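For reference, the structure is listed below as structure tokens.
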2 protein chains.
Amino acid sequence: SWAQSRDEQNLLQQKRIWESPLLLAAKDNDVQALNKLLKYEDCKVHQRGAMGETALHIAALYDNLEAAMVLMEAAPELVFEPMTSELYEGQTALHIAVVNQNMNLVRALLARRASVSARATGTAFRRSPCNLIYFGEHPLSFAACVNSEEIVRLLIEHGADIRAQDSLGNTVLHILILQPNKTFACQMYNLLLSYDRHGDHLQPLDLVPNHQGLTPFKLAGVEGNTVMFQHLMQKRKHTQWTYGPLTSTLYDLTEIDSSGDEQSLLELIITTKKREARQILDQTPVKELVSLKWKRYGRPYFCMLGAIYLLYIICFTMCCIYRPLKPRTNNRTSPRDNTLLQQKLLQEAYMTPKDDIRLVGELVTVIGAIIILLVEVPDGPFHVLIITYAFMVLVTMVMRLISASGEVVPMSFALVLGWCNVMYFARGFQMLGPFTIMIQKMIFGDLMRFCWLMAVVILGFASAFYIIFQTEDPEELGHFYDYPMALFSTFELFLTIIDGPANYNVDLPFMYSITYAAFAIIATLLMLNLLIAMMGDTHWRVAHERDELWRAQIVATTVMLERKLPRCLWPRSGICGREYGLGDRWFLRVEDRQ
Amino acid sequence: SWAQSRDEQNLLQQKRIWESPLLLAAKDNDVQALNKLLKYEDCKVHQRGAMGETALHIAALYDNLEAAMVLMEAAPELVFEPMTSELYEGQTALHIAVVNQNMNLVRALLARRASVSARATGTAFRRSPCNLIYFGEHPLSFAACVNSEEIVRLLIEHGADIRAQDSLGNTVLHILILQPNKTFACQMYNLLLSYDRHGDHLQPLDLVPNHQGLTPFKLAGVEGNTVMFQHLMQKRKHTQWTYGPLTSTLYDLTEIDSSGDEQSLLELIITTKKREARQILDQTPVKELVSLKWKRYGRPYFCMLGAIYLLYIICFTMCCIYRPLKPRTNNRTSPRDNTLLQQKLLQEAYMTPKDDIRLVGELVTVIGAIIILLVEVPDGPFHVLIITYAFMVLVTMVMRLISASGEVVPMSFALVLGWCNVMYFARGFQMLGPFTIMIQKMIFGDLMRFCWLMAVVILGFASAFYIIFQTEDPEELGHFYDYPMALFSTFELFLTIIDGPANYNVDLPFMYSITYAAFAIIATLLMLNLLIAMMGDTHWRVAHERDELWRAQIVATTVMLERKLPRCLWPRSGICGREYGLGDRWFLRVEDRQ
Ligand SMILES: CCCCCCCC/C=C\CCCCCCCC(=O)O[C@@H](COC(=O)CCCCCCCCCCCCCCC)COP(=O)([O-])OCC[N+](C)(C)C
Ligand SMILES: CCCCCCCC/C=C\CCCCCCCC(=O)O[C@@H](COC(=O)CCCCCCCCCCCCCCC)COP(=O)([O-])OCC[N+](C)(C)C
Ligand SMILES: CCCCCCCC/C=C\CCCCCCCC(=O)O[C@@H](COC(=O)CCCCCCCCCCCCCCC)COP(=O)([O-])OCC[N+](C)(C)C
Ligand SMILES: CCCCCCCC/C=C\CCCCCCCC(=O)O[C@@H](COC(=O)CCCCCCCCCCCCCCC)COP(=O)([O-])OCC[N+](C)(C)C
Ligand SMILES: CC(C)CCC[C@@H](C)[C@H]1CC[C@@H]2[C@H]3CC=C4C[C@H](OC(=O)CCC(=O)O)CC[C@]4(C)[C@@H]3CC[C@@]21C
Ligand SMILES: CC(C)CCC[C@@H](C)[C@H]1CC[C@@H]2[C@H]3CC=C4C[C@H](OC(=O)CCC(=O)O)CC[C@]4(C)[C@@H]3CC[C@@]21C
Ligand SMILES: CC(C)CCC[C@@H](C)[C@H]1CC[C@@H]2[C@H]3CC=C4C[C@H](OC(=O)CCC(=O)O)CC[C@]4(C)[C@@H]3CC[C@@]21C
Ligand SMILES: CC(C)CCC[C@@H](C)[C@H]1CC[C@@H]2[C@H]3CC=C4C[C@H](OC(=O)CCC(=O)O)CC[C@]4(C)[C@@H]3CC[C@@]21C
Ligand SMILES: CC(C)CCC[C@@H](C)[C@H]1CC[C@@H]2[C@H]3CC=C4C[C@H](OC(=O)CCC(=O)O)CC[C@]4(C)[C@@H]3CC[C@@]21C
Ligand SMILES: [Ca+2]
Ligand SMILES: [Ca+2]
């Protein structure tokens, strides 16, 4: 399909080199083969192939200085060449010898008036996961990424705009953050900003956003580039006083903190898929800012929401304890029919003043449900449950207003959805927070992978056991009446949570006692203690990084509280300017000791 | 509040520097800006701000030699300056340039008759956890802590008392033990004691106590400073003979052992909150002294107390086995009323001579209870239980003397409080001692953190299950009658200590079998084996450091036995002086091999 075609275009490129001898001698520099063909007939000086390549392209792509130079006097009208077939579209040979770091050949290109503007918008230059280089779309963006100091100075002299944006809006400082060698990215970064000693009006190149709106300070935090992040912090510092080993220092907090309706750096670190971005979250202004927001305004508001939710769940719980039951009207259709009670009706529900006090609690309940949805629906996993909990009150609101069957099951959902959301509020404690991360990674990581192997062993053995108690007396190790019940027995004999079956009274069915021994060795010993050994590794894995998993829970919570509460209750953190003479910016003081 | 105000006072300091140009040019040395203002109008030569700072202070705090010297001829009447607003109170600039290690500027201060006496009693110099330096309150105490060898010699020449005590009584040798760099603390320590070649009367500076009474030998043991501790031991040694690889050595034991009613070093290491202090407990005189006290007098007395307590608990146990029961008077109020017996009365209790022998045992019991309280109340966790055990005998003493209901429950406390105090006496064995440390750290470390998450899952599911068996026949998986009993069922289905419920006889309630499968995956597999993986780490953690946890149990026990037993049964450990000609001190011989 796609990658098949891309490999075909590589060898069909290899074919048309071997077709034309001018294209062939461009690869291996046979100057004899070159200057024979040039002193001959015209012989297709700009004939293209599948990709749009030329002989000057191939001599550059296979590192031929001499074969290219002889071709230059032969045809100087070429050099402005857009290699263009949908995947290489825009690329020049002046792109090529820069990526190959060929300083002699790009000198001859800039001698013949090369184009340091050319936008390589071909799909092998997009920022995609299927293209394992992203160097930009410009020669100066190419020269920067490959650590090519000489050429970088050379290109700008010939008119290479340091400010030019590619088809994602990224400047060359945005592209240097995306490079995998984080240390060599730093040195080429300063060389481009040094040359921006001109042009300080309109965001002097280290404030210019892309189409996403991010600056190179905020993009280093989103991409997790901590080395570039600690570099750019030094511009946003201010040493204040150095009394011995003490040191006071102000941090800038204009792009780190919530400037306005813009997405702050703490919002973008939480709302990203990249895992390395959460190592920004303990750097020297950020860790102090989160601790200041949590200890002074985040933890008091979170504990008061945790207490109001705890009373509301009791005010839910006590109403569904006292739910309208009555003795039944009809009688037993079977001896197995074994209810002794029945749901009451709304007409005869609220008769006493005792029940008048009850419906207060249920009106506290239902009003709480529409408050939840009006908060949440106009927008992690506890978001899903609290929407499901509000849904389950408004289900059994509807079912009682038309007085129908099965109130219990929408409530049977509701309690465990309701009370396990108190475990949400366990993140407000250092020593209880990452316990819920353990619970998740065991379910979605260890249960949901091994569960398929457990259920295969169930349906194997539970069918195997149900043909042994089908032709028997169903009260006498009646652990198997039904393929439903046999899936309920073997689920609870795998786990050893009910008794391993035996009756020891009657002449027992034979093949069973062979079979349950086969079962109990492989289920209750081998595959149950597989899972216990699995989840023991998950516990060890999450308890190891337990501090940094809790800190990411606090940043997620503090951002969530700050956006939704009104500004008159969440004061802006830090010390304001304009009275201490620093600017209108909002700073933060940190004092340390070395 | 507090730290908010402290940061405001740092930037308001930064404001009033930027207000007055004399204060501004004190920071960055603009001598031009200085000598313009000085050849002008008087212009407030000693105007203060919020903190009481001066221009000579700011030039010293921001390291200006030249700006300070020009200011000295301008106003030589300053230098005696008490910077004084409640938090900086007492501090001189002569304090400041010493902490900044500015040897040229303090030369010009001592040229202009500086004050090496000044007591920086401001709250930013107290020994508090919120001030992360404690260098003392004096310039010589400052110069010592910052490792400033040159200035330390210089100050004493200008009359810096090495013996001066700050507002906690600590001398400079006390303050050098509190410094975090333990190796550089040692070298500056000797330089101050070398200069105490004068003044040997009245405790020659290495015996002088603070207001707590501690010497620098005993303070190094309380603070856990093992490097300073092994240093000061060398003064308290005596090599005795060196026969080949053998070596005999006497240790001093005047401050290590219990000199009298004073608090010995072994008492202060146990009664401290610092954790590093228990690494003193295996140094070369201390480890031999504890082993000598334990093997010769501690372990015999502890095993005899462990045997007398074991007989007393049997003498408690057998009486509350034979407790006054009789057949009941009334009859069954319900079929569920199912006692077949009743408490007897004190009148008809002691009728036979068999019961006369019983009350002997109970008088052994009660006398044992008031002995415990008369021992203990006029003063760790086994202290709390043995006071609670003595309380529970004297509860059921009172209840029988007025012949009332419920003897059993104060006794039901009493047994498990009584017999688990035998586990106290497991510290008298090397291989049984730190088992009780495991039991504590699992309860207060692993249970009491995760218990909140277990109970949340209980009330979630046990409410969820109790609405499924409310409208049923309560004898048929009657594991749920009551929200009390449902909290008792789900506590014992979480733990899988009772059978996972099933009846398999009647048409079963439907939503239950969905729900218990939801429950048994998350309770009996996921969250129960969370705790087993948690407490397995606690076991590994305590069994790793199991020798040094047992040795701290012995020091705690030996000190406790020695204080309470009379002196005529606990002889003073070691070899006395005054007959072997060493002094009146009590020494200890150790023989080793290298
Ligand atoms: C990890 C997730 C695992 C999910 C599955 C775990 C189980 C959850 C499944 C279902 C959840 C609950 C729904 C009930 C469905 C069963 C219907 C039933 O029992 O009816 C009948 C049986 O009929 C059957 O046996 C149907 C089952 C076919 C074999 C299993 C395939 C389904 C899953 C496999 C997919 C492979 C996935 C695994 C590998 C990829 C009942 O018969 P009876 O009334 O007793 O008749 C008496 C006979 N007499 C009349 C002669 C006297
Ligand atoms: C994980 C592995 C664990 C083992 C699990 C087994 C794995 C496979 C093992 C063995 C596979 C072979 C199974 C043959 C079964 C047919 C025999 C028969 O019909 O029984 C007859 C009984 O008479 C007997 O009991 C004779 C003995 C048969 C089994 C011999 C020991 C097998 C295990 C040796 C050691 C194992 C070596 C393990 C390797 C270390 C008939 O029974 P009945 O009572 O007369 O009446 C029946 C009436 N009914 C039909 C209505 C009910
Ligand atoms: C780690 C420590 C955990 C502590 C809690 C663990 C549990 C220990 C708690 C208590 C210990 C024992 C005391 C008994 C109290 C219950 C009273 C009761 O059952 O009465 C009644 C119910 O009423 C209730 O349901 C009250 C419980 C409200 C919800 C739970 C809140 C309390 C704990 C949560 C605090 C959050 C802390 C967790 C997160 C921060 C009994 O009802 P009935 O008689 O069957 O009536 C039949 C109805 N009929 C009349 C229609 C027929
Ligand atoms: C940790 C997770 C473990 C799973 C736990 C479950 C989690 C959530 C799962 C599912 C949520 C949805 C629940 C819907 C229940 C309502 C249906 C109903 O009313 O039943 C009817 C029965 O008729 C049936 O049995 C129809 C089948 C319903 C369930 C289908 C399989 C669900 C699990 C698929 C596989 C799971 C996939 C798991 C992912 C790998 C009514 O019953 P009745 O007998 O006719 O009479 C009732 C009388 N009574 C009211 C007095 C009692
Ligand atoms: C009816 C009376 C008693 C008024 C009180 C009702 C409260 C019980 C509810 C109403 C809506 C509120 C909620 C509003 C929305 C939020 C979402 C929040 O969602 C998450 O769990 C974040 C998910 C994640 O990050 O993993 C948790 C509950 C919270 C703070 C609130 C919890 C409690 C509140 C105050
Ligand atoms: C009543 C019957 C029909 C089923 C009810 C069981 C499940 C639907 C619920 C109830 C309790 C569980 C929850 C309990 C707690 C966890 C932690 C987890 O929290 C996190 O996301 C960790 C990261 C963070 O907190 O930020 C999210 C939900 C999860 C897996 C669970 C999701 C689903 C579970 C199995
Ligand atoms: C009535 C007749 C049988 C006389 C014998 C009574 C003994 C059973 C009791 C009386 C009070 C004594 C106690 C006195 C006080 C101490 C406190 C000691 O406290 C602790 O557990 C230390 C706590 C800790 O360091 O963690 C334990 C028991 C002990 C030695 C004694 C145990 C046994 C004694 C001899
Ligand atoms: C009868 C019912 C109502 C409750 C009785 C149970 C608890 C009150 C007691 C009985 C046994 C336990 C104790 C058993 C032994 C441990 C070891 C622990 O010993 C230590 O302090 C270790 C350090 C040292 O020994 O010096 C202190 C008490 C502890 C946790 C326990 C404290 C409380 C427990 C749970
Ligand atoms: C073995 C564990 C740790 C997890 C492995 C896979 C589970 C995801 C599967 C295995 C088979 C189970 C099923 C087994 C049979 C039941 C019957 C249930 O409804 C009924 O038919 C019985 C209701 C009644 O008896 O009235 C629906 C699905 C359920 C809980 C199960 C759903 C999920 C389970 C736990
Ligand atoms: Ca059982
Ligand atoms: Ca069992």
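Partners of B:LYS274 within straight-line reach, counting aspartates and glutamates whose Cα lies under 12 Å from its Cα and excluding those fewer than 8 residues away in the same chain: B:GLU223. Working note: Debye formula, equal point scatterers on the alpha-carbon atoms of the protein assembly as shown, no solvent; log10 I(q)/I(0) at q = 0.05 Å⁻¹ is -0.64. Paramagnetic label reach from B:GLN263 (point 7 Å along Cα→Cβ; backbone nitrogen cut-off under 20 Å): within segment B:146-186, residues B:166-179. A label point on A:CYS451, set 7 Å along the Cα-to-Cβ line, lies at 3.2 nm from each of its counterparts in the other copies, closest listed first. Sorted from nearest, the other copies put their B:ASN331 label points 3.1 nm away, the label point being 7 Å from Cα in the direction of Cβ.
With a cut-off of 15 Å between beta carbons, the residues surrounding A:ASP355 carry a summed charge of +3, where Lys and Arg count +1 and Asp and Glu -1.
Label-to-label distance, B:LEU447 versus B:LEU359, with points set 7 angstrom from Cα along the beta-carbon direction: 3.9 nm.
Considering the rotation that superimposes chain B on chain A, the residue of B whose beta-carbon lies nearest the axis, and that distance in Å, is B:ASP499, 4.
Computed from the Cβ-Cβ distance with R0 of 51 Å, the FRET efficiency linking A:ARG332 to A:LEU459 stands at 0.90.
Checking the cross-link pairs B:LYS15/B:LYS39; A:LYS354/A:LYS564; A:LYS293/B:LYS182; A:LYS218/B:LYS182; A:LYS182/A:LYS564 against a 31 Å limit on the alpha carbon distance flags A:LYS354/A:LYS564; A:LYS293/B:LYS182; A:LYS218/B:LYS182; A:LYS182/A:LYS564 as lying beyond it. Summing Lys and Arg as +1 and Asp and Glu as -1 over all other residues whose Cβ lies under 13 Å from the Cβ of B:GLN430 gives a net charge of +3. Projected label points at A:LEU193 and A:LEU340, each 7 Å from Cα along the beta carbon direction, are separated by 8.0 nanometres. Calculated FRET efficiency, B:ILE498 to A:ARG572, Cβ-Cβ distance, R0 = 56 Å: about 0.50 to the nearest 0.05. Starting from the label point of B:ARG126 at 7 Å along Cα→Cβ, the same points in the other copies fall at 6.6 nm, in ascending order. By the beta-carbon count within 10 Å of each Cβ, the least crowded to most crowded order of A:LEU346, B:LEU154, fewest first, is A:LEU346, B:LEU154.
Would you work out if segment A:330-473 is rounded, prolate or oblate? Take a ≥ b ≥ c from the square roots of the eigenvalues of the alpha-carbon gyration tensor; rounded if a/c is under 1.5, else prolate when a/b is larger than b/c, oblate otherwise. Here segment A:330-473 falls in the oblate category.
Once the Cα-Cα distance is subtracted from the 0.36 nm per residue extended length, the A:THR284 to A:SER5 segment shows a gain of 95.5 nm. With neighbours defined as other Cβ atoms within 10 Å of a residue's Cβ, the residues B:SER405, A:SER85 order from fewest to most as B:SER405, A:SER85.
Ranked by how many other Cβ atoms sit within 10 Å of their own Cβ, fewest first, the residues A:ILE387, B:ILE468, A:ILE308 fall in the order A:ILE308, A:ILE387, B:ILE468. For chain A, the mean residue ellipticity at 222 nm estimated from helices alone is -15500 deg cm²/dmol, where every DSSP H run of n ≥ 4 contributes -39500 (n - 2.57) and the total is divided by all residues, rounded to the nearest 500.
Each value in this text was obtained by applying a stated rule to the coordinates, not by laboratory testing. Don't worry about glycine lacking a Cβ; one is built from the backbone with ideal geometry, like all the others, and counts go over all protein chains shown.
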